[PDB]
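Taking it in order: structure first as structure tokens, then the write-up.
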Amino acid sequence: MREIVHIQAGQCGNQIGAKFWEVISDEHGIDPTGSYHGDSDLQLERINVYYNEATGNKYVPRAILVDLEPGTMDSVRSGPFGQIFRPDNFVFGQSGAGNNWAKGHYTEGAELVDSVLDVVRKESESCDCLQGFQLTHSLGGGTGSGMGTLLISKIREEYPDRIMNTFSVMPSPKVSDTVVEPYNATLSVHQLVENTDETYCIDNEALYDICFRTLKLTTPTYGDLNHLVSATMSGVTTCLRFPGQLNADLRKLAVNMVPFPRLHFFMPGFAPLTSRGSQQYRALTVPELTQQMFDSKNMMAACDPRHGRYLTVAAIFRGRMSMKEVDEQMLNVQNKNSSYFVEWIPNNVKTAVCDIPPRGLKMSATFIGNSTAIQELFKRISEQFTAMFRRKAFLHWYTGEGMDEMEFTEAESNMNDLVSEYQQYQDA
Amino acid sequence: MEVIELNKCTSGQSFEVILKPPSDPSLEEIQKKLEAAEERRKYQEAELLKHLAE
Amino acid sequence: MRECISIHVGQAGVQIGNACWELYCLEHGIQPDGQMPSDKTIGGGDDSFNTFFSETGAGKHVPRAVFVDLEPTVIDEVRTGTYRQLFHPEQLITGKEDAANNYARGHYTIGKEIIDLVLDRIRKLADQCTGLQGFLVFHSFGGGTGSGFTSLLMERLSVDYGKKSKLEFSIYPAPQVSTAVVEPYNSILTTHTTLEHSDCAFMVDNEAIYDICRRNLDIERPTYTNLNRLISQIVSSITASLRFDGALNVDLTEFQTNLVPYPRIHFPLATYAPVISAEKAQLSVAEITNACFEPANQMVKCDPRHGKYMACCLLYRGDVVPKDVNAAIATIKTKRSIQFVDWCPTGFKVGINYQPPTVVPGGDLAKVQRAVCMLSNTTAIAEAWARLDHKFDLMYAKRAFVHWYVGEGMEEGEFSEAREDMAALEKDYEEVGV
Amino acid sequence: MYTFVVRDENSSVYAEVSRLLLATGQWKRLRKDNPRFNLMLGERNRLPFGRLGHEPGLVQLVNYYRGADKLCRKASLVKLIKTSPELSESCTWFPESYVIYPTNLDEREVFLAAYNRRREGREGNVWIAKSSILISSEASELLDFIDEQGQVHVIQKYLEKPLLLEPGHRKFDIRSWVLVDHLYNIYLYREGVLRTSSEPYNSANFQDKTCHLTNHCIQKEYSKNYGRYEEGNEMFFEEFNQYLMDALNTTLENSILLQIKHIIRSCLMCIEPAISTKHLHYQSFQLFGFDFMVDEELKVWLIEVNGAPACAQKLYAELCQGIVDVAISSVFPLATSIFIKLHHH
Ligand SMILES: C=C/C=C\[C@H](C)[C@H](OC(=O)NCCCNC(=O)c1cccc(N=[N+]=[N-])c1)[C@@H](C)[C@H](O)[C@@H](C)C/C(C)=C\[C@H](C)[C@@H](O)[C@@H](C)/C=C\[C@@H](O)C[C@@H]1OC(=O)[C@H](C)[C@@H](O)[C@H]1C
Ligand SMILES: Nc1nc2c(ncn2[C@@H]2O[C@H](COP(=O)(O)OP(=O)(O)OP(=O)(O)O)[C@@H](O)[C@H]2O)c(=O)[nH]1
Ligand SMILES: Nc1ncnc2c1ncn2[C@@H]1O[C@H](COP(=O)(O)OP(=O)(O)CP(=O)(O)O)[C@@H](O)[C@H]1O
Ligand SMILES: Nc1nc2c(ncn2[C@@H]2O[C@H](COP(=O)(O)OP(=O)(O)O)[C@@H](O)[C@H]2O)c(=O)[nH]1
Ligand SMILES: [Ca+2]
Ligand SMILES: [Ca+2]
Ligand SMILES: [Ca+2]
Ligand SMILES: [Mg+2]
Ligand SMILES: [Mg+2]
Ligand SMILES: [Mg+2]
């Protein structure tokens with residue numbers, strides 16, 4: 001009975017969080033009304049990790065929906081699975097955060113955060129044994145970035161010995177909302193370096209390029225990007241939701257994946273990435289799933305892993321397949337590309353298999369990599385930050401909320417320190 | 001090749017074959033170790049909470 | 001009659017313990033409800049099997065066992081398993097959250113909170129004993145509980161039972177089936193703290209069992225159930241002399257006496273034969289004895305040709321007479337490389353039990369007419385320490401994962417202290433065998 | 001794609017093996033501490049055999065047989081021959097030898113008893129003392145030389161009647177390269193070399209050790225006639241076989257190679273149960289250099305066995321290709337043999 005408390009904050013966080021709960025509710029056989037209509041015992045064996053039990057076999061997500069404006073959470077509540085969430089777990093304000101980290105972190109968000117913590121406390125108090133927390137959000141906006149990292153700081157103060165885990169969407173100029181996203185992401189990344197144990201880095205540019213290049217989607221939408229994240233989130237949390245021996249809980253996963261406290265930002269990946277039509281019903285093979293999983297084009301951080309080295313790797317295969325062939329193909333990726341795995345962490349590539357594949361697929365695979373190539377992502381953000389901050393451009397939006405320039409200078413320094421830390425271990 | 005100490009019972013037997021002759025911390029100390037480690041955990045947590053209070 | 005108490009720590013210790021007690025019941029004719037129709041002394045006795053089983057007035061035969069794990073799911077399988085009626089709740093101890101493959105968490109953080117309850121439950125078993133011999137401790141090297149809590153328990157048992165012997169069955173980590181990357185840390189941390197507290201430790205490398213299950217059982221991807229039934233056969237061969245009539249290894253002290261002349265060098269190599277597939281639609285005494293000198297049949301892969309022997313015990317079960325054993329040893333001497341140290345007699349202690357090995361019905365192991373387990377104290381097993389110490393060195397040079405341990409209140413100096421002790425152990429093996 | 005590591009940078013032979021593997025495009029060289037290798041070209045001293053064969057899904061091979069040192073050390077070879085019934089103290093092709101430890105730390109009284117027997121019976125009584133070299137006919141001068149050192153030595157009967165090449169009246173020795181693969185097939189390279197002395201053999205002066213010691217390093221520095229008769233004091237088999245035909249009316253195969261093959265096979269079959277990797281979790285192959293002396297009756301004597309031998313300069317390419325072909329590619333296959341298989345069963 002190791003429970004996880006899920007939190008989704010802001011527009012991006014709630015739209016991705018809604019699709020995630022839609023995807024896994026289908027996997028666990030939970031309909032939009034919270035009723036179980038599955039056909040397998042595996043669907044219910046570890047369902048308490050994400051769902052509470054209500055009166056009459058009703059399963060309710062242990063999820064908390066947070067925003068500073070009502071719009072997106074009104075859409076969630078009107079969506080397909082919107083009726084399944086606890087009504088009291090909707091915590092929203094009215095003013096918005098105007099894509100401003102300071103508003104989310106210091107002014108607008110500060111007025112709302114205590115009521116969010118009341119709901120978090122109520123959910124934690126019903127946990128037989130709380131693992132920790134899972135937060136979905138973006139770093140480029142105001143609520144998910146600013147109020148999201150404010151929530152992490154206050155949760156760590158109240159639950160200092162619980163695991164804190166995030167799925168964090170990194171901004172990119174290619175798929176951008178406002179010019180201030182590098183400011184918001186740089187301020188948030190420093191919060192994440194200090195107060196999370198695992199962060200999955202989801203780069204919107206990589207998601208876009210995957211939809212355009214590999215999937216042949218001419219004009220991708222946020223809906224297409226979010227379904228790709230939901231599939232990836234379903235795969236990475238398979239170890240938590242179904243019977244398994246590897247990374248069975250959040251703390252063992254972190255012990256296995258994080259050799260240095262600050263280097264805890266993972267590059268995820270998903271397979272299959274298939275274009276529609278013709279070669280779409282083709283039976284997938286483990287060799288094909290494996291080659292896709294480690295191809296750079298299929299990773300969602302827009303970092304070339306050949307420009308760095310993996311510290312640790314967790315690969316999870318879903319479906320009825322040959323675990324012998326899984327071992328062979330996995331040992332064939334390392335033993336052929338040994339230049340891209342560090343040699344001072346023996347056996348740093350772990351593989352797990354789960355028999356339940358995502359709905360409508362015979363098999364699939366998700367990849368979790370702790371790679372020093374992720375410094376490329378932080379370098380991009382740091383460069384875009386400095387191009388504006390050197391001229392103090394758009395700073396008045398933040399100084400008007402009470403911040404001063406010194407705080408920006410420190411966040412910049414911290415991320416350049418993080419980049420230097422990754423480069424140290426890439427040459428070890 | 002000598003067989004010595006051949007002992008036989010209903011459930012089996014045993015013998016020996018020689019082919020060639022030849023040529024703690026106290027309870028008090030454990031508690032201090034465990035309590036000293038607990039002290040270091042509590043110090044590190046107090047430092048974290050001081051950092052979050054700032 | 002003198003009693004033995006079994007302690008099973010962590011997931012590996014509990015599941016192997018569960019497989020062992022299943023086999024013991026089949027070997028002794030004990031039904032899952034605890035009854036034993038061939039036991040005519042209702043309510044008590046001092047037979048050889050009473051070393052492992054006490055008796056209630058209703059005729060139930062209860063293992064002298066305690067199961068400890070820091071999360072409840074594995075011991076819950078005992079509570080609801082086939083032999084659920086053997087055990088009473090006081091024998092099963094569980095916590096809420098586990099050690100997370102972290103020695104420091106199992107030894108310091110959680111171990112401190114649960115150690116007194118474990119000792120209390122052990123004291124309740126010990127108070128049922130008229131002349132307790134000591135303890136048999138089952139655990140993994142790599143798990144946070146198996147490594148961390150076990151070493152705390154061994155220290156405390158030396159304080160509470162100073163005159164009592166303690167034997168280990170330890171599962172050496174293999175990446176083929178391993179969960180964590182930090183298992184070399186946990187293995188060396190727990191070996192250092194347990195070393196002065198264990199009289200004789202039987203190491204089982206999961207790599208060796210995994211390969212015996214692929215090669216000789218034709219199981220493509222062995223499971224823990226496959227591994228644990230083969231391990232329990234080897235364990236049963238080792239403890240059979242404590243549970244049956246005999247004259248060899250009849251008490252725990254004799255294990256140290258016959259296998260460990262050098263107290264720090266107390267890790268005998270086990271070799272077992274024959275392992276025959278039950279799906280396969282009979283070997284001789286000479287052939288099973290010769291198989292004892294094949295690395296492919298050892299519980300730890302190493303080359304005894306390039307080490308030296310200090311002690312050798314042959315434990316046969318089945319249709320075996322002494323005449324055929326001596327003929328086998330003579331032939332094997334003139335073919336194999338069996339060098340003893342100069343200060344030990346070149347010889348073998350042989351034990352024969354006429355009852356052939358019992359097999360779990362529907363299991364993977366075929367029923368054979370004769371089997372043997374060789375316990376040899378050879379310096380070759382130091383290869384397993386060399387492998388383990390090298391993986392430790394690769395990670396510790398960058399202090400990888402160290403923060404997880406320091407964060408639980410452990411000091412960095414315990415790493416180097418433990419590693420220096422292992423370096424000395426490797427030097428001790430080199431001075432003896434080379 | 002196969003991977004290999006290099007852990008002996010001073011190896012003439014396997015520097016060429018390494019470049020040949022890379023030239024096939026199907027072998028990648030890794031850092032010397034990367035454990036994910038198929039092939040280890042290991043170090044000479046303290047090779048970590050204990051760490052081989054434990055990488056899941058990797059067939060692992062190493063270019064050394066653990067325990068072959070027993071054959072490739074001066075003192076160990078003497079002890080191996082005297083204690084192995086296959087070889088025995090009455091072995092006819094190895095000179096009478098004795099292991100002598102210096103007094104600051106043994107077969108002293110055994111050697112002196114045999115020395116007195118020769119001095120009494122008017123027989124030649126010249127011995128040689130060598131270890132990890134002094135040629136003398138007085139036992140006291142041989143023992144005092146060993147006491148001045150601190151390592152184990154061997155005293156060996158000096159072949160007072162060597163076969164001398166003409167012209168020059170000069171001593172030599174024969175080097176044979178032998179490759180034992182992972183299946184314990186014994187392959188004798190068909191090309192040997194004669195390391196010859198360029199100075200006339202002088203049995204009346206064992207103080208000048210240049211006409212007595214045929215080592216290539218000794219001839220290149222001390223012999224003032226170095227290279228007069230053959231390039232680098234190296235005579236190959238074609239010339240030597242032609243010489244035996246012209247001068248002694250016989251062939252190299254009949255008068256010498258039969259004994260050489262017999263000696264190679266006796267030594268390696270003797271230690272096979274001790275060093276074979278037939279059922280091991282890793283595999284070994286190794287290249288050996290056997291050293292022979294020939295007396296004037298065309299009897300072949302084993303002198304020593306080298307475990308990390310160098311090769312003749314003009315024979316590196318051929319031999320190192322054969323190592324890749326029968327020892328490495330046989331285990332890791334790619335996408336008229338130069339060896340002579342010495343059969344045994
Ligand atoms: C644009 C591509 C759309 C689909 C491509 C071809 C891939 O889909 C498949 O391979 N489907 C298998 C072939 C069709 N099979 C069936 O119709 C079918 C029907 C009934 C049973 C059945 N088998 N079973 N059971 C299969 C799909 C796996 C993609 O590779 C993947 C990238 C799609 C994802 C995750 C997101 C895209 C970008 C979105 O646009 C999304 C809305 C499109 C399709 C999804 O609905 C897609 C879904 O998504 C999942 O979450 C999850 C992995 C699984 O349910 C995924 C089928
Ligand atoms: N042979 C065998 N090995 C096991 C079994 N269970 C776990 N292991 C091994 O033990 C190591 C993992 O340790 P566990 O015993 O699972 O860990 P634990 O002692 O429960 O400690 P925590 O779970 O960290 O609190 C790995 O090397 C596994 O391969 C089993 O049933 N049989
Ligand atoms: N018993 C003996 N009788 C006659 N000559 C001998 C001899 N022992 C050695 N020699 C000669 O002395 C030389 C000594 O070399 P030796 O075989 O002892 O090993 P080494 O380590 O000195 C060099 P190498 O590897 O070339 O043999 C021989 O090459 C040979 O010329
Ligand atoms: N993948 C994805 N990214 C989004 C979505 N909505 C917004 N974003 C990204 O998130 C950032 C804007 O943050 P947003 O969540 O809209 O602001 P907030 O509501 O104040 O947290 C920008 O980088 C957008 O590109 C979405 O539905 N999916
Ligand atoms: Ca307000
Ligand atoms: Ca009774
Ligand atoms: Ca003791
Ligand atoms: Mg928004
Ligand atoms: Mg456990
Ligand atoms: Mg030499």
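Residue numbering restarts at 1 for every chain of the structure tokens, chains are lettered A, B, ... in their displayed order, and ligands are numbered from 1 as they appear.
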Item to complete: Pick out the residues sitting within 12 Å of residue 28 of chain B, and hand them over as a PyMOL selection string; count only C-alpha atoms, and ignore anything fewer than 5 positions along from it in its own chain.
Response: (chain B and resi 33-35) or (chain C and resi 155-156+159)
So that I have them on file, write out the residues from the current selection with N, CA, C and O atoms, as a JSON list (two decimals), in the first residue's frame.
[["chain", "number", "residue", "atom", "x", "y", "z"],
["B", 33, "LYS", "N", 26.76, 3.96, 18.34],
["B", 33, "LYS", "CA", 26.90, 3.99, 16.89],
["B", 33, "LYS", "C", 25.57, 4.33, 16.23],
["B", 33, "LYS", "O", 25.51, 5.21, 15.36],
["B", 34, "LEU", "N", 24.50, 3.64, 16.62],
["B", 34, "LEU", "CA", 23.19, 3.89, 16.03],
["B", 34, "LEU", "C", 22.68, 5.28, 16.38],
["B", 34, "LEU", "O", 22.11, 5.97, 15.52],
["B", 35, "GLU", "N", 22.87, 5.72, 17.62],
["B", 35, "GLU", "CA", 22.40, 7.04, 18.02],
["B", 35, "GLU", "C", 23.23, 8.15, 17.39],
["B", 35, "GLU", "O", 22.70, 9.22, 17.07],
["C", 155, "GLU", "N", 25.64, -8.47, 15.11],
["C", 155, "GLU", "CA", 26.29, -7.81, 16.23],
["C", 155, "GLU", "C", 25.51, -8.04, 17.52],
["C", 155, "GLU", "O", 26.10, -8.37, 18.56],
["C", 156, "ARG", "N", 24.19, -7.86, 17.47],
["C", 156, "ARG", "CA", 23.37, -8.00, 18.68],
["C", 156, "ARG", "C", 23.29, -9.44, 19.15],
["C", 156, "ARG", "O", 23.23, -9.69, 20.36],
["C", 159, "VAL", "N", 26.10, -10.35, 21.28],
["C", 159, "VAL", "CA", 25.99, -9.81, 22.64],
["C", 159, "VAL", "C", 25.03, -10.65, 23.47],
["C", 159, "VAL", "O", 25.33, -11.01, 24.61]]
### Message
Can you work out which residues from chain B touch chain C at a cut-off of 7 Å (counting only C-alpha atoms) and hand them back as a PyMOL selection string?
### Response
chain B and resi 7+9+11-23+26-27+34+37-38+40-41
Worksheet item: Hey, what's within 8 Å of segment 257-265 of chain C if we count only C-alpha atoms and toss same-chain stuff fewer than 4 positions away? As a list in words, please?
Response: residues 195, 196, 199, 200, 249, 253, 310, 311, 312, 313, 375, 376, 377, 425, 428 and 429 of chain C
Next on the checklist: Please find the residues contacting ligand 4 at a distance of at most 9 Å between atoms, with only C-alpha atoms and all ligand atoms counted, and report them as a count of residues only.
Outcome noted: 58
Requested in this report: Write out as a VMD selection string each polymer residue (protein, DNA or RNA) that has an atom no more than 8 Å from ligand 5, with only C-alpha atoms and all ligand atoms counted.
Outcome: chain A and resid 95 108 111
Please extract the residues of segment 205-411 of chain A with a backbone DSSP assignment of strand (DSSP E) and present them as a PyMOL selection string. chain A and resi 265-271+310-319+349-354+363-371
Could you take the residues named above and write them with N, CA, C and O atoms, as a CSV table (one decimal), in the first residue's frame?
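So the final result, stored in part_22.csv, reads:
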chain,number,residue,atom,x,y,z
A,265,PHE,N,18.1,14.7,-13.6
A,265,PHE,CA,17.2,15.1,-14.7
A,265,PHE,C,17.3,14.1,-15.8
A,265,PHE,O,18.4,13.9,-16.4
A,266,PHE,N,16.2,13.4,-16.1
A,266,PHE,CA,16.2,12.2,-16.9
A,266,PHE,C,15.7,12.6,-18.3
A,266,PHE,O,14.8,13.4,-18.5
A,267,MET,N,16.2,11.9,-19.3
A,267,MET,CA,15.7,12.0,-20.7
A,267,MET,C,14.8,10.8,-20.9
A,267,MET,O,15.3,9.6,-20.9
A,268,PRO,N,13.5,10.9,-21.2
A,268,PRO,CA,12.7,9.8,-21.4
A,268,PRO,C,12.6,9.5,-22.9
A,268,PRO,O,13.0,10.3,-23.8
A,269,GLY,N,12.0,8.4,-23.3
A,269,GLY,CA,11.8,8.0,-24.7
A,269,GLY,C,10.7,7.0,-24.8
A,269,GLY,O,10.4,6.2,-23.8
A,270,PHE,N,10.1,6.9,-26.0
A,270,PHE,CA,9.0,6.0,-26.2
A,270,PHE,C,9.2,5.3,-27.5
A,270,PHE,O,9.8,5.8,-28.5
A,271,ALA,N,8.7,4.0,-27.6
A,271,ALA,CA,8.6,3.3,-28.8
A,271,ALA,C,7.4,2.4,-28.8
A,271,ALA,O,7.1,1.9,-27.7
A,310,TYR,N,25.8,8.1,-20.7
A,310,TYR,CA,24.7,7.7,-19.8
A,310,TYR,C,25.4,7.3,-18.4
A,310,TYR,O,26.3,6.5,-18.4
A,311,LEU,N,24.9,7.9,-17.4
A,311,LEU,CA,25.2,7.5,-16.0
A,311,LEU,C,24.5,6.2,-15.7
A,311,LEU,O,25.1,5.2,-15.2
A,312,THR,N,23.2,6.2,-15.8
A,312,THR,CA,22.3,5.1,-15.5
A,312,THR,C,21.2,5.1,-16.6
A,312,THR,O,20.9,6.1,-17.2
A,313,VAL,N,20.7,3.9,-16.9
A,313,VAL,CA,19.6,3.7,-17.8
A,313,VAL,C,18.6,2.7,-17.3
A,313,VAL,O,19.0,1.6,-16.8
A,314,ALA,N,17.3,3.0,-17.4
A,314,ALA,CA,16.3,2.0,-17.1
A,314,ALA,C,15.4,1.9,-18.4
A,314,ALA,O,14.8,2.9,-18.8
A,315,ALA,N,15.3,0.7,-18.9
A,315,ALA,CA,14.4,0.4,-20.0
A,315,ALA,C,13.3,-0.5,-19.6
A,315,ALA,O,13.6,-1.5,-18.9
A,316,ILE,N,12.1,-0.3,-20.0
A,316,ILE,CA,10.9,-1.0,-19.6
A,316,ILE,C,10.2,-1.5,-20.8
A,316,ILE,O,9.7,-0.6,-21.6
A,317,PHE,N,10.0,-2.8,-21.0
A,317,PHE,CA,9.3,-3.3,-22.1
A,317,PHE,C,7.9,-3.8,-21.7
A,317,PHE,O,7.8,-4.4,-20.6
A,318,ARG,N,6.9,-3.5,-22.5
A,318,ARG,CA,5.5,-3.9,-22.2
A,318,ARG,C,4.9,-4.8,-23.2
A,318,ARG,O,5.1,-4.5,-24.4
A,319,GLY,N,4.3,-5.9,-22.8
A,319,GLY,CA,3.7,-6.8,-23.7
A,319,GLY,C,4.2,-8.3,-23.5
A,319,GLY,O,5.2,-8.5,-22.7
A,349,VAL,N,22.8,-0.4,-16.7
A,349,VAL,CA,21.6,-0.5,-17.6
A,349,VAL,C,20.7,-1.6,-17.1
A,349,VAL,O,21.1,-2.8,-17.1
A,350,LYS,N,19.6,-1.2,-16.6
A,350,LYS,CA,18.6,-2.2,-16.0
A,350,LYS,C,17.4,-2.2,-16.9
A,350,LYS,O,16.9,-1.2,-17.4
A,351,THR,N,16.9,-3.5,-17.0
A,351,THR,CA,15.7,-3.7,-17.9
A,351,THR,C,14.6,-4.4,-17.1
A,351,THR,O,14.9,-5.4,-16.4
A,352,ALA,N,13.4,-4.0,-17.4
A,352,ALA,CA,12.2,-4.6,-16.8
A,352,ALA,C,11.2,-5.0,-17.8
A,352,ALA,O,11.2,-4.3,-18.9
A,353,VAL,N,10.4,-6.0,-17.6
A,353,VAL,CA,9.3,-6.4,-18.5
A,353,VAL,C,8.0,-6.4,-17.8
A,353,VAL,O,7.9,-6.8,-16.6
A,354,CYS,N,6.9,-5.9,-18.4
A,354,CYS,CA,5.6,-6.0,-17.9
A,354,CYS,C,4.7,-6.6,-19.0
A,354,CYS,O,4.8,-6.2,-20.1
A,363,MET,N,2.9,-4.6,-28.2
A,363,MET,CA,4.1,-4.3,-27.3
A,363,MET,C,4.5,-2.9,-27.5
A,363,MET,O,4.2,-2.2,-28.5
A,364,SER,N,5.3,-2.4,-26.5
A,364,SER,CA,5.8,-1.1,-26.5
A,364,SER,C,7.0,-1.1,-25.5
A,364,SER,O,7.3,-2.0,-24.8
A,365,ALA,N,7.7,0.1,-25.5
A,365,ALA,CA,8.9,0.2,-24.7
A,365,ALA,C,9.1,1.7,-24.3
A,365,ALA,O,8.9,2.6,-25.1
A,366,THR,N,9.5,1.9,-23.1
A,366,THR,CA,9.9,3.2,-22.6
A,366,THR,C,11.3,3.2,-22.1
A,366,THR,O,11.7,2.2,-21.5
A,367,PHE,N,12.0,4.3,-22.3
A,367,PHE,CA,13.4,4.5,-22.0
A,367,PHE,C,13.6,5.6,-21.0
A,367,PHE,O,13.0,6.7,-21.2
A,368,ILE,N,14.3,5.4,-19.9
A,368,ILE,CA,14.6,6.5,-19.0
A,368,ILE,C,16.2,6.5,-18.9
A,368,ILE,O,16.8,5.6,-18.4
A,369,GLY,N,16.7,7.6,-19.3
A,369,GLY,CA,18.2,7.8,-19.3
A,369,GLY,C,18.7,9.0,-18.4
A,369,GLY,O,18.2,10.1,-18.6
A,370,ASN,N,19.6,8.7,-17.6
A,370,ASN,CA,20.4,9.8,-16.9
A,370,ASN,C,21.6,10.0,-17.7
A,370,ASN,O,22.7,9.3,-17.4
A,371,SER,N,21.6,11.0,-18.6
A,371,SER,CA,22.7,11.2,-19.5
A,371,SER,C,23.3,12.6,-19.2
A,371,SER,O,22.5,13.6,-19.0
(Q) What does the list of residues within 10 Å of ligand 1 look like if you count only C-alpha atoms and all ligand atoms, written as a PyMOL selection string? (A) chain A and resi 19-20+22-24+26-27+207-208+210-212+214-217+220-235+270-284+298+357-365
>> What does the list of residues within 6 Å of ligand 3 look like if you count only C-alpha atoms and all ligand atoms, written as a PyMOL selection string?
In response: chain D and resi 156-159+173+212-215+291+303-304
Neighbourhood of ligand 9 at 8 Å, counting only C-alpha atoms and all ligand atoms, reported as an MDAnalysis selection string: chainID C and resid 10:12 69:71 74 98:101 143:146
Expected file: the selected residues, N, CA, C and O atoms, as an mmCIF file, in the first residue's frame:
data_model
loop_
_atom_site.group_PDB
_atom_site.id
_atom_site.type_symbol
_atom_site.label_atom_id
_atom_site.label_comp_id
_atom_site.auth_asym_id
_atom_site.auth_seq_id
_atom_site.Cartn_x
_atom_site.Cartn_y
_atom_site.Cartn_z
ATOM 1 N N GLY C 10 14.933 -10.039 4.937
ATOM 2 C CA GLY C 10 14.754 -9.450 3.624
ATOM 3 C C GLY C 10 14.050 -10.380 2.649
ATOM 4 O O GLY C 10 13.707 -11.522 2.957
ATOM 5 N N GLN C 11 13.844 -9.871 1.430
ATOM 6 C CA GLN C 11 13.097 -10.631 0.431
ATOM 7 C C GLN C 11 13.788 -11.953 0.103
ATOM 8 O O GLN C 11 13.157 -13.015 0.130
ATOM 9 N N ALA C 12 15.085 -11.907 -0.218
ATOM 10 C CA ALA C 12 15.791 -13.131 -0.590
ATOM 11 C C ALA C 12 15.816 -14.125 0.563
ATOM 12 O O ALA C 12 15.565 -15.323 0.369
ATOM 13 N N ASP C 69 11.307 -8.763 7.524
ATOM 14 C CA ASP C 69 11.428 -7.974 6.306
ATOM 15 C C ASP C 69 10.825 -6.606 6.580
ATOM 16 O O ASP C 69 9.840 -6.497 7.314
ATOM 17 N N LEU C 70 11.418 -5.568 5.994
ATOM 18 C CA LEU C 70 11.032 -4.195 6.297
ATOM 19 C C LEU C 70 9.861 -3.699 5.463
ATOM 20 O O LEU C 70 9.499 -2.522 5.569
ATOM 21 N N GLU C 71 9.263 -4.555 4.642
ATOM 22 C CA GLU C 71 8.012 -4.260 3.962
ATOM 23 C C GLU C 71 7.196 -5.542 3.909
ATOM 24 O O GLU C 71 7.762 -6.638 3.837
ATOM 25 N N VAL C 74 6.279 -9.551 1.032
ATOM 26 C CA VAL C 74 6.906 -10.860 0.869
ATOM 27 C C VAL C 74 6.488 -11.808 1.988
ATOM 28 O O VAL C 74 6.150 -12.973 1.744
ATOM 29 N N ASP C 98 10.687 -0.142 3.101
ATOM 30 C CA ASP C 98 11.877 -0.973 3.136
ATOM 31 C C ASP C 98 13.129 -0.099 3.168
ATOM 32 O O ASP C 98 13.066 1.120 3.352
ATOM 33 N N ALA C 99 14.284 -0.729 2.984
ATOM 34 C CA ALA C 99 15.574 -0.065 3.059
ATOM 35 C C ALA C 99 16.023 0.517 1.726
ATOM 36 O O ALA C 99 17.078 1.157 1.674
ATOM 37 N N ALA C 100 15.259 0.305 0.653
ATOM 38 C CA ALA C 100 15.505 0.957 -0.635
ATOM 39 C C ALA C 100 16.875 0.599 -1.212
ATOM 40 O O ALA C 100 17.546 1.436 -1.820
ATOM 41 N N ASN C 101 17.287 -0.661 -1.031
ATOM 42 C CA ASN C 101 18.600 -1.147 -1.470
ATOM 43 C C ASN C 101 19.741 -0.335 -0.864
ATOM 44 O O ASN C 101 20.802 -0.184 -1.472
ATOM 45 N N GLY C 143 20.596 -6.469 -0.995
ATOM 46 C CA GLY C 143 19.434 -5.755 -0.505
ATOM 47 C C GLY C 143 19.752 -4.892 0.704
ATOM 48 O O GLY C 143 20.664 -5.171 1.481
ATOM 49 N N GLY C 144 18.972 -3.819 0.859
ATOM 50 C CA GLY C 144 19.198 -2.912 1.974
ATOM 51 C C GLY C 144 18.918 -3.558 3.316
ATOM 52 O O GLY C 144 19.637 -3.324 4.290
ATOM 53 N N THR C 145 17.866 -4.375 3.389
ATOM 54 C CA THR C 145 17.587 -5.127 4.607
ATOM 55 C C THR C 145 18.523 -6.320 4.736
ATOM 56 O O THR C 145 19.130 -6.533 5.793
ATOM 57 N N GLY C 146 18.655 -7.099 3.660
ATOM 58 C CA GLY C 146 19.523 -8.264 3.700
ATOM 59 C C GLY C 146 20.942 -7.925 4.105
ATOM 60 O O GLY C 146 21.603 -8.702 4.795
#
